[PDB]
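Note that each Cβ is placed from the backbone with ideal geometry, even for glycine, and that neighbours are counted across all protein chains shown. Numbers and lists here come from the model and the stated rules, or from a named source; nothing here is a laboratory result.
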Amino acid sequence: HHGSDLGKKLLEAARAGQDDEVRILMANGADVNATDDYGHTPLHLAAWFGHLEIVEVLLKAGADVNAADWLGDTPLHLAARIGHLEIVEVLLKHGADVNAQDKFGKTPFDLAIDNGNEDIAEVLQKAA
Amino acid sequence: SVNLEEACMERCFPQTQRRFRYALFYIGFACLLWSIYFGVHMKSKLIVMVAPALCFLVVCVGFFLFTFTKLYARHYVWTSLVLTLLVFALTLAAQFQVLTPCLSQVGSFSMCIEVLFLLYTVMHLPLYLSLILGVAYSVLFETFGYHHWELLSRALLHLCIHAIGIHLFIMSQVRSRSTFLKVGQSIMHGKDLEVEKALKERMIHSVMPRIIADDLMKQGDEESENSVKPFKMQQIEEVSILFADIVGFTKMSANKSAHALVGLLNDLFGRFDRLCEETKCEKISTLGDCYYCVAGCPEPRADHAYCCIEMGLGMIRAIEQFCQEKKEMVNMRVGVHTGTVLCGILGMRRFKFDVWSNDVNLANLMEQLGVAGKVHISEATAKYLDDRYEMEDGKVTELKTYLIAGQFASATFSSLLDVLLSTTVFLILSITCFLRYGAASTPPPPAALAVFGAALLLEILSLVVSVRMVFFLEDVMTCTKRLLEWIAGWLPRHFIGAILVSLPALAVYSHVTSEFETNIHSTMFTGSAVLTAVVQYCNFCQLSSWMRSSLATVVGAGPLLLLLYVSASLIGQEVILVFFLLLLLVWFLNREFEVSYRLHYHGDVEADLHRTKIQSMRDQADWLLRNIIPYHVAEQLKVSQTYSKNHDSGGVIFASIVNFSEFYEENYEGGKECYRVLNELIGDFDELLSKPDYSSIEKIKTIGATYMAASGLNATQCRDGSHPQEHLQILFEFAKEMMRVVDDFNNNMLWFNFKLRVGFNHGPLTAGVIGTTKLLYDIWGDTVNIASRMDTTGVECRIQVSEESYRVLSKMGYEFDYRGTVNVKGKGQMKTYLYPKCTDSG
C-alpha cells in the first residue's frame, strides 16, 4: 500500500479487540483488507480472539468473506477449528463458501470435527 | 609489456596487410592516372616521366604479389620502409624537373599530401620514425619546390598536414591496441567463467543430489533460484532408510592426531560414496560418529531396499577391510527401515537437502537396536525380502524386527582530442589565408573576417563544452550540465560536428570570393589550401562515415567545380583529376577508420558483458561456499587438500520442534506446508545468524527439524580487546533470543504454540571437513554427542545445561534452577539445570 501501517495497526486492533480503536482507524480510513506477512486477514485475527462485535465493526469496514491466510486457511477454517457458532453465522450470512477447502485439501467443515466442534459442524451441514 | 605487445602485432597482422594491399593498389591507380594524363592530354613531348611511371607501377605490383610470402610475416616493417623510401624518391624526382616558367606545383602537392598520408596511416611505422621521415620529406620537397610570404605559407600547409598526420596516427594506434587488449580480457572471461560454472556446479551438487540440482540448474521458475544470491519439497513413499554409527566411537577416537581420525574417516566415507554410486543410492548426511544414506527417494526403486541392504553389507566388508588394515576394530550398528518420507530443503543458511518422517526416527531407533556388524531390519522391510539371505527374527534382547548378518582513448576522450585537432589546424590554416595579405595592408574582404569570427565563436564554445564534459570544473552551474549535454546525443552530435569540421573549408573560401584568377599564383595557392582543408575532413572519426565523407566531397570540391565556371583554364582539368583521386583516398581511408572505431566500441561492449557475467558467477559461487563452509577455514582446502583443527571449548545446542510431531498430523496431503512453516522459523533463525552481534555463532546443520549451533571457533585472533570466555555468553543469549523468536512466531501460527526443547554442552571438539569432489563440514569430540544426548533428554522451554557449563555461566551471573542428575550414556550421572527461572508456576 502507501504507508500500510494504518492497516497494520488495524490488524492488531482486529486481533486484540480494541473496540473504539477500530472505529478510530476506520475513521482514519485504515486499510480494511490489509494483511500480515503470513497472509492473515482481520477476520483471521478476529476469529482467533473471538471479538464478534469487532468482526461486525470490521464488516462495517468491509473486509473479505473468503480470504485465506498464506497458509490457505480461511477464517471459516479457523472458526471451524475454534468453536464460536455465533461468529460463524455472520459469515454464512455474508455468503461464505461451503464446498471449498484450504491448501490442506479438506473442506473447512471437517475442521470443526478437528476439535469436534459439532456446534459449527452442524451449521455447515445446513448449507451446501 | 614487451612479450605481450609482441603478440599484439602478431594478431593485428592481417588487417595491416590488407591496408598495405589497398595502399599499394591506390599508389598504382594514382601513378597510372598520372601516366595516362601525361600520355594523352599534355606532356606528349617527353618520356622522362612516363617510363618512371610504369616502372613504379610494376615494382608496386611486384610488392603486391609479394605480400603473400612467408619470409615477410615478420618483415612488414622493413617492407614498408623500402616501399616508402622508393615512393619518396619517385615523387621528389618527378618534381624537381620544374620551375622554368609545365607541371603545376599543386599537382606536386597532391603527391606530397597523399604520400604523406599513406606514410602515416597504413605503413604501421614507429611514431618517432614515421615522424622524422615525414618532416624530412616535407622540408626536402618544399626545397625542391624552391628550384617572402608564399614560401612560408606552403611550409605552414605542411605543418598542419603533419598535425593531422600524427593525430590520426596515435588515434589509430591506440584504437587497435585497446581492441586487442579488450579481446584478450574477453577470452580470459570466457575461460574463467566456464571455470566458475564448473566450481559452482561442484558445490551445488555437493549439497543436493543429482535430479534436484539438475532440475534447478535450468531455472525454469526464475524466482526460485534467487535464494542462491526459492525451493520445492516432495513426499515419496517406499524408501530405504539406512543408518550407521561408529560403535564405541569415543573409544576408537580416544587419542588421535586431530587429523588421523579425520583422514581415515574421509577414507571410509569416500569408500561409502564409491559404494552408493554402484548401488545408485543417495547418500545424505553424516552425524559425527554416524553416517547415513537413503534410497528410493528421487526414484522409488523396485529393489530400493535391496540396493540399500546389500550396500550396507558391502560397507561391512569395507569396515572390516579397514579394521584389519589400520588396526582399529570398530564396525558399525545398522538400522534399516522403510515407509514414506517427505524430502525437500529447509533454511537459507547452511541449508541442505534433507528428509523427514516418522520412518526417519524409526530407522534411527532400529539402528540403536541394531547389533554391531548386522542389521536390525523391519517387517516393513521384510515385506519383500524375498527370503534370499540370512533372515533371523532379531528382537530386543530386553516390534516386527529381524537381524540380518547378510548371506586512454575513451570514446569521450577522442572527442576533446580531435576537436582540439580541428580547431588548431583550422586556426593555422586561416593564419595562412590571411598571410596572403602583403598587397592589401589592412585585410579588405568582409566575408573573410565575418566567417573568421563566426568560426572562432563556435569553436571556442564547443571546445569549452568538451573540456568541461571531461575535466568537470563547474564554472557556473551544474544542473544545467545534466540538462544540455543530454541533448548532445547520437544525432545532435552529428550536426554540431558536421558544422564544426566543415568550417575550415569555408574559412579558405572566405578569401577566394574576390576575383583572383588573374593572378594564377593565387589560384594555385587557394587550390592547395582547399585540398588541405578537404584533407582535414578525416579527423572527426567518432561521427558517421558516409555522411562526413560526402560532406567532404561536396563542400570541399563542389565549389571548385564551381570556380570551374570562371572561364585558370585547364589547370581546371588537372585539379579535377587531383581531387577525384584525393577524394577516392579520403573515402576509403575514412571508411576503414570508421570500421576501426565501430569494432572498438563493440569490443568494449562485449568485454563489459563478460565482466558483469563473471561478477555474477563469482558472487554466486563464493557465497555458495560461505553457505557450505565458513570462510576462515575456507582457506585450507582452497590452498591445500584438507583441513582440521581442535577447539577445547565450544558451546553446542540443539533445538527441535517437539509439538510439531503432533501438529505433524497428516490430514493435509503431504504435510508439506507445515514444513513450510518450520522453514519459516528456520529462516527467522538465519535472520539472526546474519546479525553481527551474532558473529561468533555458526549453524552446523539442520537435522530433521533440529538446529545444531556452535561458537568459539572462527575468531582465532586473540586480541587484547576481549575476554575469551565471552563466546558462550553471547551464545546462550542468542539462544534465549531465538526462544523468544519461536514465541513471536507462534503469536502468528493459528491456534498452535510450537515449543522447543534445547540441550547444551561446551568443551573440547574437533573441527573437520570431509568431502572432496564433494564437501561436508562437521564437528566431533565429547561435546557433540554429550549435548546431543542432553537435548535428546531435555524439557522444553527450559534450557538444559551441562554441569560445568552451568558453572561457568553461573559465574557469568545467569540464573538457573536445578533439574536433576540423570544418567548419561557411557558417562553416568550428570547434574543438569534449566535456565528459565519461575517461567512456569513450578
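Among residues of the range B:799-825 that are polar (S, T, N, Q), those with a beta-carbon under 6 Å from a residue that is in a helix (DSSP H, G or I) at least six positions away or on a different chain give the pairs B:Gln800/B:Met790. Screening B:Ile657 against (1) away from chain A (no Cβ under 14 Å); (2) surrounded by fewer than 18 Cβ atoms within 10 Å (Cβ to Cβ); (3) under 29 Å from B:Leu756 (Cβ atoms) leaves a single unmet condition, (2).
Here B:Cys718 meets the list (1) surrounded by 18 or more Cβ atoms within 10 Å (Cβ to Cβ); (2) more than 14 Å from chain A (Cβ to nearest Cβ); (3) part of a loop (DSSP other than H, G, I, E, B) almost entirely, failing just condition (1). When the range B:746-762 is filtered for residues that are touching a strand residue (DSSP E or B) at 6+ places or on another chain (Cβ under 9 Å) and not β-branched (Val, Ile, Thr), the ones remaining, listed by number, are B:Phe754, B:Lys755, B:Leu756, B:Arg757, B:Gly759, B:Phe760, B:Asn761, B:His762.
The condition of being surrounded by 13 or more Cβ atoms within 10 Å (Cβ to Cβ), among the small types (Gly, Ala, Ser) and part of a helix (DSSP H, G or I) holds for B:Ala621.
On the stretch given as the range B:228-260, residues that are among the acidic types (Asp, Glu) and within 15 Å of B:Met329 (Cα to Cα) total 1.
Across the range B:624-672, what is the total count of residues that are under 23 Å from B:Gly270 (Cα atoms), in a loop (DSSP other than H, G, I, E, B) and in the same structural domain as B:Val741 (by TED's automatic domain parsing)? Residues that pass the stated criteria total 4.
The set of residues from the range A:13-36 being crowded, with 17+ Cβ neighbours inside 10 Å and either within 14 Å of chain B (Cβ to nearest Cβ) or among the aliphatic types (A, V, I, L, M) (or both) comprises A:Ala13, A:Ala14, A:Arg15, A:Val22, A:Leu25, A:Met26, A:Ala30, A:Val32, A:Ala34, A:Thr35, A:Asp36. Against the numbered list (1) of a type in the set (S, T, N, Q); (2) within 14 Å of another protein chain (Cβ to nearest Cβ); (3) assigned to a loop (DSSP other than H, G, I, E, B), B:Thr773 comes up short only at (2). Within the range B:675-685, the set of residues being more than 9 Å from every other protein chain (Cβ to nearest Cβ) and either assigned to a loop (DSSP other than H, G, I, E, B) or under 19 Å from B:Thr340 (Cβ atoms) (or both) comprises B:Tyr675, B:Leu678.
Here is a check on your reading of the model: is B:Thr423 farther than 22 Å from B:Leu287 by Cα, touching a helix residue (DSSP H, G or I) at 6+ places or on another chain (Cβ under 6 Å) and of a type in the set (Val, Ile, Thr)? The answer is yes for B:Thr423.
Residues checked against (1) out of contact with any helix residue (DSSP H, G or I) (no Cβ under 6 Å at 6 or more places or on another chain); (2) away from chain A (no Cβ under 14 Å); (3) closer than 27 Å to A:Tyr38 by Cβ; (4) surrounded by fewer than 19 Cβ atoms within 10 Å (Cβ to Cβ):
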site	(1), (2), (3), (4)
B:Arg740	yes, yes, yes, yes
B:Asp791	yes, yes, no, no
B:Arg798	yes, yes, no, no
B:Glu803	yes, yes, no, yes
B:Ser810	yes, yes, no, yes
B:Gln829	yes, yes, no, yes
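All of B:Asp791, B:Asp743, B:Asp778 fail the test of being of a type outside the set (A, V, I, L, M), in a strand (DSSP E or B) and under 51 Å from the mean Cα position of the chain (by Cα), apart from B:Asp778. Scanning the range A:103-117 for residues that are crowded, with 21+ Cβ neighbours inside 10 Å, aliphatic (A, V, I, L, M) and either within 12 Å of another protein chain (Cβ to nearest Cβ) or farther than 11 Å from A:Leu78 by Cα (or both) yields a count of 1. When the range B:660-674 is filtered for residues that are away from chain A (no Cβ under 11 Å) and charged (D, E, K, R), only B:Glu662 remains. Filtered by the rule that a residue be assigned to a helix (DSSP H, G or I) and either among the hydrophobic types (A, V, I, L, M, F, W, C) or in contact with a helix residue (DSSP H, G or I) (Cβ under 9 Å, 6 or more places away or on another chain) (or both), the range B:322-336 gives B:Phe322, B:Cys323, B:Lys326.
Of the candidates B:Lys691, B:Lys699, B:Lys736, B:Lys755, the single residue that is closer than 30 Å to A:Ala80 by Cβ and either away from chain A (no Cβ under 12 Å) or within 43 Å of the chain's Cα centre (by Cα) (or both) is B:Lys755.
Whenever a residue of the range B:385-414 is of a type in the set (D, E, K, R), its partners that are surrounded by fewer than 12 Cβ atoms within 10 Å (Cβ to Cβ), lying with C-beta atoms within less than 9 angstrom and at least six residues away or across chains, give the pairs B:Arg388/B:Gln407; B:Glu390/B:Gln407.
Is one or more of the residues making up the range B:351-373 part of a strand (DSSP E or B) and either of a type in the set (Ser, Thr, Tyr) or on the phi > 0 side of the Ramachandran plot (or both)? Checked against the condition, which is being part of a strand (DSSP E or B) and either of a type in the set (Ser, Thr, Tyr) or on the phi > 0 side of the Ramachandran plot (or both), the range B:351-373 yields no hits at all. Hey, any hits in the range B:698-705 for a residue that's in contact with a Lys or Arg (Cβ under 7 Å, 6 or more places away or on another chain), charged (D, E, K, R), in the same structural domain as B:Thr783 (by TED's automatic domain parsing) and buried (at least 17 other Cβ atoms within 10 Å of the Cβ)? Yes - at least one qualifying residue is present in the range B:698-705.
Within the range B:385-403, the residues that satisfy the criterion of being surrounded by 14 or more Cβ atoms within 10 Å (Cβ to Cβ) and closer than 19 Å to B:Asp359 by Cβ are B:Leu385, B:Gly394, B:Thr401, B:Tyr402.
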